[PDB]
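Only one structure is covered here, and it is reproduced in the block below.
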Amino acid sequence: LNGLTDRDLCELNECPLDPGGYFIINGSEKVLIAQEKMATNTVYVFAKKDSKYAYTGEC
DNA sequence: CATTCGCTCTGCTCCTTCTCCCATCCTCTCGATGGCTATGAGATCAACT
């Protein structure tokens, strides 16, 4: 469907307004949800009220 | 004979360990699980006479 015009999409029975951005697995439309993670390669200093370390710096 | 010394016996902290628990009811969709071929010997007793 890449670069097709609205007329070409309609000829393929696709919807011009459909954004894409999903997969088809066994006929089911599957979307991937973005996962938050802590950023890499950055020094963070943290502390906790009830552990054997005063401060910890993690990378 | 008045210590004194040494030895046994509590019992008071401070871990480590480990076990337990985390609102009620209701609806829907979706993925997965989902298990030889065949020829022989040979024991049983259901069942004929």
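Just remember, in the structure tokens the first chain shown is A, the second B, etc., residues are 1-based per chain, and ligands are 1-based in the order shown.
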Could you list, as number ranges by chain, every residue of chain A that has an atom within 12 Å of an atom of chain B, counting only C-alpha atoms (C1' of nucleotides)? A: 25-30
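Of note, atom CA of residue 44 of chain A and atom CA of residue 58 of chain A are spaced 5.5 Å apart.
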